[PDB]
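S.K.:
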Amino acid sequence: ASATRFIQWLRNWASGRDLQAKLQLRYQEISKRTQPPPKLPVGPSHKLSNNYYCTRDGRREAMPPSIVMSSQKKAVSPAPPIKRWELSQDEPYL
Amino acid sequence: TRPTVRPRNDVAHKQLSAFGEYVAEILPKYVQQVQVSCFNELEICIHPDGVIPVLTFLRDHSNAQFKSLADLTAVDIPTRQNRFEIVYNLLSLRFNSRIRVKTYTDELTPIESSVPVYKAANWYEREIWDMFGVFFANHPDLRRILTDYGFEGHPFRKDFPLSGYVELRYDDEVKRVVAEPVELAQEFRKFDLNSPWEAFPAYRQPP
Amino acid sequence: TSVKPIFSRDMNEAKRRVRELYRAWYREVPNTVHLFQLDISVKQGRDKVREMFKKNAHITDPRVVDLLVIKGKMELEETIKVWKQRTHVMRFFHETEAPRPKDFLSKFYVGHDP
Amino acid sequence: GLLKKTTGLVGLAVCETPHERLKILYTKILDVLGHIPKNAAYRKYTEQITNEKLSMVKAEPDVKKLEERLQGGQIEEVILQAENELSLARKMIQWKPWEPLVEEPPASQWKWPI
Amino acid sequence: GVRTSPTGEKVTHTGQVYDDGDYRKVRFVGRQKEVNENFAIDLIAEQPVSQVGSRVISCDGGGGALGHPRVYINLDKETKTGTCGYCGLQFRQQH
Amino acid sequence: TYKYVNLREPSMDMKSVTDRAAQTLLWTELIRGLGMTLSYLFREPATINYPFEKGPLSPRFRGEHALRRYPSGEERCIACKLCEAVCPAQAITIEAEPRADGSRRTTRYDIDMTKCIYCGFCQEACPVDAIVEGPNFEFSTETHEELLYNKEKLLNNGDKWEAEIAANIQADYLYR
Amino acid sequence: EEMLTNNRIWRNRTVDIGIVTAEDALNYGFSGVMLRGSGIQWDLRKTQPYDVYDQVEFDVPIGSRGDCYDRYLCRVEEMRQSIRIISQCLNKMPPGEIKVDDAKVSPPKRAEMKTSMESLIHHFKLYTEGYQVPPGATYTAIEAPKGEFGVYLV
Amino acid sequence: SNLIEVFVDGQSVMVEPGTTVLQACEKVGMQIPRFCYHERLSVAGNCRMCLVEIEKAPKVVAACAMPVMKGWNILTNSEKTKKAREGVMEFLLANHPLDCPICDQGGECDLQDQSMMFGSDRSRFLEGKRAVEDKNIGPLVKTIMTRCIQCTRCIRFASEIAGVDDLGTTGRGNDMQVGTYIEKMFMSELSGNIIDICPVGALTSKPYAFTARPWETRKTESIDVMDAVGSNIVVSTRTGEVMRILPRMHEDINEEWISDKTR
Amino acid sequence: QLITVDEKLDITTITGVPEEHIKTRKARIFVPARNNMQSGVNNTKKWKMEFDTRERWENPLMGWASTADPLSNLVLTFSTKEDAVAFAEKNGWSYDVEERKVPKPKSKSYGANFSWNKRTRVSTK
Ligand SMILES: CCCCCCCCCCCCCCCCCC(=O)OC[C@H](COP(=O)(O)OCCN)OC(=O)CCCCCCCCCCCCCCCCC
Ligand code: SF4
Ligand code: SF4
Ligand code: SF4
Ligand code: SF4
Ligand code: FES
Ligand SMILES: [K+]
Ligand SMILES: [Zn+2]
């Protein structure tokens, strides 16, 4: 940021860009190193009523695998065929 | 849609169940069990003789097209007569789907090498041989891959100790690195963590 | 009691594989001492080979023998191709091990291990 | 429709005559499936999906439209899959996986947790 | 209070000190024995006992969420003081 | 969506062709690359002047461990052994007994700093904020044995660094 | 890119080096840029999305020659798309808690642990025994920067 | 012949008349939660942690004490049963002290473990907690009576097993206090067993206090030689040191008790 | 084609274990006793195999517990006693099997607390 106008011109011409607008050294545009305290929110289960754990217990709704076949009509695939990707309209050719 | 519970996807569960019985119908010679888990993962459990026929069918069949071998690993379960479970995780780019194929073997029984089906299997099978000792027949170049040269034993077996049996140091007298029986300045501390109260009734085993 | 073989269908077939391995190990020792510049003699190395074969002479399962030959062949390939270093080759001789007396009294003095 | 210059996949050459090539391969698959027993699920399922693909090829003379109907990527990918299916059908004859299960597993081979 | 044994070695707040004839004190020769000289047992005894009015008082160690889990101390026994099991502060029911 | 990184057919008009012949023969694109490093030569370097200048850290930084006290001077550690149980590296070793006044206190508190992974789990598990990872990262030693901390070392670290440790905990405890 | 992309020395060292066909990459178990360099249109963030990847817009770079140069260009263009995603995450960051509000899995807040009996018990148990996981096995994968990174977890 | 038929979650089981709902569940491998119930003590039925729904009955029954009737279907995992457990656990923890880090029971506490498995994951109690004064009953058992959950196991063990009638409850309501009332030492030869049967850290071993945690001990199953009864024991050790002695169940010798000297 | 092998499974020569820790070890096959401090029985379901305890000594530098036993922390879980015994035979370990201890069924009667004429009448509740 302290570079002179001639040097700013020289490294701008050599690089072919405006290097000054996007300096790679950080100055005072960064956040202050002392911040105010936060006050973080609580989650959905922070209720005093209608909040029985047995209605929100994910581990207890896990079940053993379903036995489809055990050695103890149209053809199917594992899932529908994947759709063909479309080219980007943002920038199709780099 | 309860915020903390993983949502259940039933369209995939039906789709995977349908394809599971499709595989079993076509390959009754080898398929022993088919199951779908509550997070929608289809597993085919087969006789070890069917490793090549089952994997080849899944790779090549037009309604399968599992062209990519994601992973090939083994699990050691000492309580079983065939302690080693061999696990193939396959990916189908065409149908954007995954399938797991499982077989079994023991210490003295070989498994056919699947390298002819997936060239990816070459190093996976070397790793399984190195870490579990499961021999793969007709493997192009089977030998240790992860352990030290001359290392004895198969570390990922449950009965192999965590710190092994030997350790290395430099000995000045012989001017080389030597191997000696392992002694630890502090023994690894075994923790008994299991709670004596059942956690998951849905998985309770009948007495 | 009908199991899938690894290579040899019976002990007679397995023993032929053992002798083929032993010849390969016997022939390779002079090169190993030369290539690795080991201070041992060709006799010392060949005695060690015999000792490693002799400790497995009580096996009668053709499958267990086949695995031993498989591991022996891999063990030889590392030596010939110089994947092993001198430290790996000399680990067979336990040169830094202080001998552990095997009699009851000597064990009794040194500790509780039987 | 003008012929492509590239399939987009490295090593997968552009096919000059896709319709004829597909008809040849689908016909060969149907010929190979005639040697599998009529009750084998592989035959009934592979014949069904094969006849549906062949019917599309005979009804859509445009390579772009046909690709959209087959839903198998570029038409050269579809040709490759047809070749892979034909390779499988020949192998299945040797394997005969329509036979009954070769062996039940031990009692608790697939029980988890222990 | 940090003590020195007749061998001159400082005694730690856990009572550890190599006894005379223990070779292991050679490790301190030409160096030092790291000893913390702020004995927590001594410091906590210097705190005044706090007189309160209720039968039960609670202690979180001070500083709210920066202290210890909040506990409640019975003060019915008038021969002794109620001590916090976390931080060691003492409490007394005033009359 | 997808895009092509390298699928462009260059134009074949004599001006474009002549432009590329100039590029091949006059090295224009290699000269252009020289311009970039020339521009960097005249930029201020990013080097800081260590140890007179330090790199920026945050109050959450995980550095050297220390055992803390209450304002009275009593130790916070009550030998609960939660830190020893959670330690992924088994770097913590603890022994405890009733103190001379009946207090529940440790007689051993070792951290093997060559086992520790400086993961901070121990200070998460501690229910009384006894064990923390302070801000010090400049404690390299000349011997291995100097990195095997016992309770006396860790308590001295707490007294040494408490002024900074307290201020960092004050700045971040509301995120915990 | 001003140093490498158009540099004839760089292109000489990378163009037509280590060509891999699309079929070989699949059968050899490749993933990530080792597939997209050869033209295989595949990205687990697009086809098997996880977390909130279905809610961001980005393009998948695709190569045409399957060589070192194309994989170099794919990686550089992936960095540009990462910045594009990062801009969306910064703007669409929602409020709320950061771990599942279920104290049998995620530990409670320190203030709660020091006040509430249930919170202290769960904090104590989560940092000693840890949470039990229902029996099962999953293969779970992501589009890691180097390719498909997965765990088969039993 | 006399066995009647009942159902546990719809699975048939044959039990003798007089079997309790808790024992019927035991047969199919279900263990109902408990605090006051101990199979070697008289039934108490006061903790209410064993409440279980009987299909078609609007009221949950105390499984530890209710005898099963023919044809009952015990629903051990019903929404009604699960809510009963959460409510009771909530009451148990309302006045319980936040003592786990300083409590010797931590890591092998039935209150901790059944709170993890059957209770809720948070609190809605916003009041001040009860605080109880401690009591000396000798040099072997330390008492932190604020942790007591009034299960009365210790009272029943002392009266029935030890044959000593010194322990009991005084007062009533929330201020009901387990103890001896007067200053008295409970110095039986079987006294140390009340440490084991107390589900919480209210009664703990003075010699063992603060020295170890359950997860880090190694368990060696051995035999006692303090007398000729041959009591079966577990020797807890850690890092090469004997930490404590615990009973080992043997129905034909010491059941689940050991003498004080053995302990 | 399957062959007929007619010997007991022995894998000791292909496990890599040193000779010392096969012949000198004594494996204990048992169902763990219930920890008496808790009423839960979920840790008494599976069979375990453990090895004999060997010397631990104090590290001179720190006083930590040192060991020279590679099997000091080795514990294996089995569904049944036979599975554990089968594992011990093929590895060549001498072993001791302790029979499972199931609590004896009890007869519980709440009403017995208030007996008219028996000693089961309780003096307090
Ligand atoms: C009146 C009639 C007049 C008759 C005479 C008229 C003659 C005028 C026209 C003559 C042609 C002018 C150019 C002569 C220079 C040589 C040009 C040349 O050789 O360039 C080609 C060479 C290879 O490039 P490439 O594209 O990879 O190969 C062809 C692809 N098959 O490219 C290269 O050499 C690559 C070099 C790589 C290394 C470069 C590293 C240094 C670059 C910076 C140096 C800049 C120049 C410094 C000059 C200093 C002079 C003191
Ligand atoms: S930072 Fe992590 S590894 Fe280090 S002592 Fe703490 S818990 Fe253990
Ligand atoms: S440092 Fe904290 S977590 Fe570790 S034992 Fe002490 S009080 Fe417990
Ligand atoms: S008795 Fe259990 S729940 Fe209560 S403080 Fe002790 S360990 Fe915690
Ligand atoms: S002291 Fe223990 S055993 Fe006795 S009533 Fe209280 S919780 Fe129950
Ligand atoms: S166990 Fe039934 S009420 Fe206590
Ligand atoms: K207790
Ligand atoms: Zn306090």
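Read top to bottom, the protein sequences are chains r, C, W, V, R, I, D, G and Q.
FYI, in the entry's author numbering the residues of the first sequence are 1 to 72, 91 to 112.
If you count the second sequence from 1, you need to add 6 to reach the entry's author numbering.
If you count the third sequence from 1, you need to add 14 to reach the entry's author numbering.
If you count the fourth sequence from 1, you need to add 1 to reach the entry's author numbering.
Heads up: the fifth sequence at position 75 corresponds to 75 in the entry's author numbering, and the numbers run straight through without jumps.
Heads up: the sixth sequence at position 82 corresponds to 82 in the entry's author numbering, and the numbers run straight through without jumps.
If you count the seventh sequence from 1, you need to add 225 to reach the entry's author numbering.
If you count the eighth sequence from 1, you need to add 5 to reach the entry's author numbering.
If you count the ninth sequence from 1, you need to add 8 to reach the entry's author numbering.
Think of the CB as a built atom: it goes at the ideal place given N, C-alpha and C, for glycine as much as any other residue.
Determine the burial state of residue 46(I): buried for a count of at least 16 other Cβ atoms within 10 Å of its Cβ, exposed for fewer.
M.R.: Exposed: under 16 other Cβ atoms inside 10 Å.
S.K.: Decide if the region 199-209 of chain G is in contact with the region 106-117 of chain G; the criterion is three or more beta carbon pairs, one per stretch, under 8 Å apart.
M.R.: Output reads yes: the region 106-117 of chain G touches the region 199-209 of chain G.
S.K.: Please confirm whether residue 347(D) and residue 329(D) have their CB atoms less than 8 Å apart.
M.R.: The answer is yes: Cβ separation under 8 Å.
S.K.: Would a C-beta distance cut-off of 8 Å place residue 157(C) and residue 150(C) closer than the cut-off?
M.R.: In this structure, residue 150(C) lies closer than 8 Å to residue 157(C) by Cβ.
S.K.: With 8 Å as the C-beta to C-beta threshold (strictly closer), list the residues of the region 65-91 of chain V near chain D in chain order.
M.R.: Answer set for the region 65-91 of chain V: 81.
S.K.: Ends of the alpha helix (DSSP H) at residue 23(I)?
M.R.: Segment 14-26, the alpha helix (DSSP H) holding residue 23(I).
S.K.: Please report how far the alpha carbon of residue 120(Q) lies from the alpha carbon of residue 53(Q), in whole angstroms.
M.R.: For residue 120(Q) and residue 53(Q), the distance between alpha carbons rounds to 32 Å.
S.K.: Have a look at 143(G), 27(G), 259(G) and 37(G) and flag the residue whose alpha-carbon is nearest the alpha-carbon of residue 114(Q).
M.R.: Closest option to residue 114(Q), Cα to Cα, is 27(G).
S.K.: So, helix, strand or coil for residue 102(W), using DSSP?
M.R.: Three-state result, residue 102(W): helix.
S.K.: Say the cut is 7 Å; is the CB of residue 70(G) nearer than that to a heavy atom of ligand 6?
M.R.: The answer is yes for residue 70(G).
S.K.: Nearest to residue 233(D) by alpha carbon, out of 70(I), 31(I) and 63(I)?
M.R.: Among 70(I), 31(I) and 63(I), the Cα nearest to that of residue 233(D) belongs to 31(I).
S.K.: Grab the span of the beta strand (DSSP E) containing residue 78(G) for me, first residue to last.
M.R.: Unbroken beta strand (DSSP E) run through residue 78(G): 78-80.
S.K.: Quick check: is the beta carbon of residue 272(D) nearer than 8 Å to any beta carbon in chain V?
M.R.: Taking Cβ atoms only, chain V never reaches closer than 8 Å to residue 272(D), which makes this a no.
S.K.: Cα-Cα, which of 50(W), 17(W) and 67(W) is closest to residue 96(W)?
M.R.: Comparing Cα positions, the closest option is 50(W).
S.K.: Can you check whether the CB of residue 98(V) is closer than 8 Å to the CB of residue 83(C)?
M.R.: Not closer than 8 Å, so no.
S.K.: How is the beta strand (DSSP E) around residue 39(R) delimited, first residue to last?
M.R.: Element bounds for residue 39(R): n/a, residue is neither H nor E.
S.K.: Between the region 140-147 of chain G and the region 80-95 of chain R, do three or more beta carbon pairs fall short of 8 Å?
M.R.: The region 140-147 of chain G vs the region 80-95 of chain R: no contact.
S.K.: Just to make sure I have the definition right: I need the residues of chain C whose C-beta is within less than 9 Å of the C-beta of residue 88(W). Which are they?
M.R.: Residues of chain C passing the Cβ test: 148, 149 and 150.
S.K.: Could you please go through the chain and list the residues whose beta-carbon is closer than 6 Å to any non-hydrogen atom of ligand 7?
M.R.: Selection output, chain order preserved: 110(G), 200(G), 203(G), 206(G), 208(G) and 209(G).
S.K.: Could you name each continuous beta strand (DSSP E) segment of 3 residues or more that falls completely within the region 132-206 of chain C, going from the start of the chain to the end?
M.R.: Runs found: 172-177 and 182-187.
S.K.: With residue 19(G) as the anchor, note down where its beta strand (DSSP E) starts and where it stops.
M.R.: Residue 19(G) -> beta strand (DSSP E) spans 16-20.
S.K.: From what residue to what residue does the beta strand (DSSP E) around residue 35(Q) run?
M.R.: From DSSP, the beta strand (DSSP E) with residue 35(Q) extends over 34-38.
S.K.: Pop quiz: residue 21(Q) and residue 78(W) are said to be a contact at Cβ under 8 Å. What is the actual Cβ separation, rounded to whole angstroms?
M.R.: 6 Å between Cβ atoms; contact.
S.K.: Of the choices 60(I), 1(I) and 97(I), whose alpha-carbon is the least far from that of residue 279(D)?
M.R.: Comparing Cα-Cα distances from residue 279(D) to each of 60(I), 1(I) and 97(I), the minimum goes to 1(I).
S.K.: Just the C-alpha distance for residue 15(I) and residue 8(I), rounded to the nearest angstrom, thanks.
M.R.: One C-alpha to the other measures close to 18 Å.
S.K.: Is residue 275(D) helix, strand or coil by DSSP?
M.R.: Reduced to three states, the DSSP call for residue 275(D) is coil.
S.K.: Please list the residues of the region 33-61 of chain V that have a C-beta atom closer than 7 Å to any C-beta atom in chain C, keeping them in chain order.
M.R.: From the region 33-61 of chain V, only 42, 43, 46 and 50 have a Cβ closer than 7 Å to chain C.
S.K.: In terms of alpha-carbon separation, which member of 76(C), 56(C) and 25(C) lies closest to residue 376(D)?
M.R.: With distances taken between Cα atoms, residue 376(D) lies closest to 76(C).
S.K.: With a threshold of 16 other CB atoms inside 10 Å of the CB of residue 171(C), please say whether the residue is buried or exposed.
M.R.: Buried is the call here.
S.K.: I need the straight-line Cα distance from residue 74(C) to residue 62(W), nearest angstrom please.
M.R.: Distance between the alpha carbons of residue 74(C) and residue 62(W): 47 Å.
S.K.: Determine, using beta carbons only, whether residue 100(Q) comes closer than 8 Å to chain G.
M.R.: Not one chain G Cβ lies under 8 Å of residue 100(Q).
S.K.: Quick one: using the 10 Å Cβ neighbour count with 16 as the cut-off for buried, is residue 43(G) buried or exposed?
M.R.: Classification for residue 43(G): buried.
S.K.: Here's the rule I'm using: 16 or more other beta-carbon atoms within 10 Å means buried, otherwise exposed. How should residue 176(C) be labelled?
M.R.: It counts as exposed.
S.K.: My output table needs one value for residue 18(C): the three-state DSSP class, helix, strand or coil.
M.R.: Residue 18(C): helix per DSSP, three-state reduction.
S.K.: What does residue 357(D) reach in chain C if we use C-beta pairs closer than 9 Å?
M.R.: Here the neighbours are 200, 201, 205 and 206.
S.K.: Under DSSP, the alpha helix (DSSP H) around residue 83(V) begins and ends at which residues?
M.R.: Looking at the DSSP string, the run of the alpha helix (DSSP H) that includes residue 83(V) is 76-96.
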